[PDB]
Structure formats: structure tokens, C-alpha cells
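Observations on the model geometry
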Amino acid sequence: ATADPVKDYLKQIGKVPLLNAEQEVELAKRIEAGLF
DNA sequence: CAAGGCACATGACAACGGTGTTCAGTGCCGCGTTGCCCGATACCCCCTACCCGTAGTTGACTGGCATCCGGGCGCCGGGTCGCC
């Protein structure tokens, strides 16, 4: 909550885990599992 | 010298002259009042050309932007953390 709201948006992104190959392929696997 | 007899004209008398009205009828000859006739005009159709919205496009590609000062000037008013 500050002026120039884009800065607060970038902070709201914060620190989140970037996904390496096996990570996102497994994530997609259980994504389609939940899909079915 | 007075009374009685004939001429011309005279108080009315209608009826023509000529011309102005009358109700009357029927037209005379200009406006209209209406049936056509067309002519244009709105209003259905078919065709395709083009405007506009939706949906894909797979090497990889992971945090931006330039702010802002030489007001100036004062006050309000609140916040804000030291203070003892």
C-alpha cells in the first residue's frame, strides 16, 4: 500500500519457487490428474 | 238697344311613343369540380464486396519507470517518538 502501485504489485509477487523441468512436468501431471 | 245665332279653343277625355323595368327562362361563355391516363417513386426481392470479431501462432526468451530538489509561505493539524 504505497504510491506507484506497481511497486506494491511487484512486492506482492514476492518470492515464489521457480520451476525446473521435472517440477513443472510433474505439476502438469497432477494438473491433468485433477482434470480427469 | 237686347237676345239669339255661329266660329276656335277648351276642360276634361285615352291611347299611342318610346323607353325603362321585370321576373323568367335559358342559355353563353369563363371558372371550376371531377372520371380517367400515365409517370414517377417508394419498397420488396436477388447477388457479392468488404468490415469486423474470434482464434491460433511452440528452440529459448523470469522485475521497470524515471523521478526529485533554487515555489514560498505560512498555518493547521495530526502523528510520533523522545522524556523523565
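Calculation rules
Residues numbered from 1 in each chain as written, not as in the entry; some residues may be left out. Chains lettered and ligands numbered in written order. Part of a larger assembly, values for the part shown. Heavy atoms only, no water. Near = heavy atom within 4 Å. Polar contact = N/O pair within 3.5 Å; in protein donor to acceptor, adjacent residues only side chain to side chain. Patch = residues over 30% accessible without salt bridge, like charges linked within 9 Å, V, L, I, M, F, W, Y side chains within 5 Å. Areas by Shrake-Rupley, 256 points an atom, 1.4 Å probe, with all protein chains shown as cover. Salt bridge = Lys/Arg side-chain N within 4 Å of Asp/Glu carboxyl O. Helix = DSSP H or I, 4+ residues; strand = E, 2+ residues; numbered from the N terminus. Buried < 20%, exposed > 50% of the residue type's maximum accessible area, 1.4 Å probe, protein only.

**Brief notes about the protein's contact with DNA strand B**
Neighbouring DNA strand B are the residues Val6, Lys7, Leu10, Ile13, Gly14 and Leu18. Protein-adjacent atoms of DNA strand B, using a 4 Å cutoff, are sugar or phosphate at a proportion of 0%. A distance of 2.7 Å is found between a base oxygen of DNA strand B and a side-chain nitrogen or oxygen belonging to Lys7.

**Observations regarding a nonpolar patch on the surface**
Together, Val6, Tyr9, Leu10, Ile13 and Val16 make up an exposed nonpolar region whose accessible area comes to about 520 Å². Structurally, the position occupied by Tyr9 is in helix α1 (residues 5-13).

**Here we look at the environment of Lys11**
Within the secondary structure, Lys11 sits in helix α1. Along the backbone, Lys11 and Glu22 are 11 residues apart, and their C-alpha atoms lie at a distance of 27 Å.

**Let's talk about the pattern of salt bridges**
Under the criterion given, the structure shown has 1 salt bridge. Among the salt bridges present, the one from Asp4 reaches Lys7, with a minimum N-O distance of 3.6 Å. With relative accessibility at 49%, the residue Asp4 sits in the partly exposed group.

**So, unusual backbone geometry**
Its identity as a non-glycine residue notwithstanding, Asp4 has a phi of 55°, on the positive side. Looking at where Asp4 falls in the secondary structure, it is placed in the segment before α1.

**Here we look at α1**
Of all the 9 residues making up α1, 0 are buried; the element is thus mostly uncovered. Phi turns positive one or two residues past the end of α1, at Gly14, with a value near 60°.

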